[PDB]
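Okay, so here's the structure we're looking at.
When reading the values below, keep in mind they use all heavy atoms of this one structure, side chains included, and skip hydrogens, waters and symmetry mates. Counting from 1, the numbers follow the sequence of the chain as shown. Both ligands and their constituent atoms are indexed starting at 1 by order of listing.
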Amino acid sequence: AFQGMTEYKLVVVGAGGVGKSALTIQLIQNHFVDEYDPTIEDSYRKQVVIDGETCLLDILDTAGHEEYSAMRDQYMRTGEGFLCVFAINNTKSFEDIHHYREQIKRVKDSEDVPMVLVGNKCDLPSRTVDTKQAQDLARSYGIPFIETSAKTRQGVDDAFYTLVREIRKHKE
Ligand SMILES: COc1nc(-c2cccc3c2O[C@H](CNC(=O)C2CCOCC2)CO3)ccc1Nc1cccc(CN(C)C)c1
Ligand SMILES: Nc1nc2c(ncn2[C@@H]2O[C@H](COP(=O)(O)OP(=O)(O)NP(=O)(O)O)[C@@H](O)[C@H]2O)c(=O)[nH]1
Ligand SMILES: [Mg+2]
């Protein structure tokens, strides 16, 4: 029966420049990317142990704005869980979260899709989104909220591991 470790397909979504790539590269390479090189689509893989279970994370790092609609629908269909990322110094990115979540719910035709709300750049001083407002949004969705910094690494492992735990709860 066991043919190899369990694989989880994770998709990182959110507005341009919120730190999707930086979060992922911090997880994979333990490296902070200071440059802003806009992504088209990149795939990463990492084996980790979460709650005593070995797993392979297949992580799709997406473009903030994806014009080809058909490619976007494809990764939403294939993804098992979604990190919905905003930047705590960018109110507009926070307002956009609702739109990412709606699109995902429509493609998966479900109210109950594994997701984590991620407030990134929590190292920066010019916060415009209060922690309490983000926590309230996440509570309204029934999903976890995690504050992260791709720079300091605060919350980075937690965000990805929490998402895996959400997928597991959903599969059971
Ligand atoms: C392609 O398989 C993967 N898939 C995902 C993945 C995770 C979550 C959702 C996904 C994903 O890819 C899917 C594969 N893509 C598609 O089917 C595309 C093909 C072109 O038209 C549009 C659809 C789409 O949705 C993430 C990582 C990998 N793969 C990967 C990552 C890093 C390293 C390697 C190994 N390589 C460097 C030797 C493989
Ligand atoms: N101080 C700080 N800067 C960050 C953080 N995360 C990302 N950045 C910076 O924000 C800029 C954008 O990051 P990047 O990961 O490219 O964002 P993205 O969401 O992948 N953009 P795209 O959607 O175009 O692919 C980069 O200059 C990066 O260094 C963080 O937690 N703290
Ligand atoms: Mg990127």
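Distances from the Mg ion (ligand 3) under 2.8 Å pick out these protein N/O/S atoms: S21 OG, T39 OG1.
Every residue was checked against the side chain to side chain donor-acceptor pair (under 3.5 Å) condition with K46, not counting sequence neighbours, and none meets it. In this view, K171 satisfies the side chain to side chain donor-acceptor pair (under 3.5 Å) rule with no residue, not counting sequence neighbours.
With 3.5 Å as the limit, one finds a donor-acceptor pair spanning the side chains of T131 and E147. Side-chain atoms of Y75 and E41 form no donor-acceptor pair, as typed in the model, at a separation below 3.5 Å. A side-chain N or O of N120 and one of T148 form a donor-acceptor pair less than 3.5 Å apart. A donor-acceptor pair shorter than 3.5 Å cannot be found between the side chains of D123 and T152.
Closest approach of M5 to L56, counting heavy atoms only: CG-CB, 3.8 Å.
Annotation for ligand 1: atoms under 4.0 Å from non-hydrogen atoms of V11 are 8 (C), 9 (C). Counting atoms of ligand 1 from 1 in the listed order, those under 4.0 Å from a heavy atom of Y44 are 27 (C), 31 (C), 32 (C).
Taking the six-membered ring where the residue is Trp, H98 and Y141 present tilted rings, their angle falling between 30° and 60°.
The closest heavy-atom contact to atom 29 (N) of ligand 1, among the options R45, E80, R77, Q74, comes from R45. Among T78, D61, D58, the residue whose heavy atom lies nearest to atom 7 (C) of ligand 1 is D58.
Dense packing is recorded around CD of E102, with more than 12 heavy atoms of other residues, nucleotides or ligands lying under 6.0 Å away.
Annotation: ligand 2 has protein neighbours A15, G16, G17, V18, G19, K20, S21, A22, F32, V33, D34, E35, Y36, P38, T39, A63, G64, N120, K121, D123, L124, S149, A150, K151, each with a heavy atom less than 4.0 angstrom from the ligand.
The pair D157-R153 meets the salt-bridge criterion, since a charged nitrogen lies less than 4.0 angstrom from a carboxylate oxygen. Using a 4.0 Å cut-off between a side-chain N of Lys or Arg and a carboxylate O of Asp or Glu, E95 and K92 do not qualify as a salt bridge.
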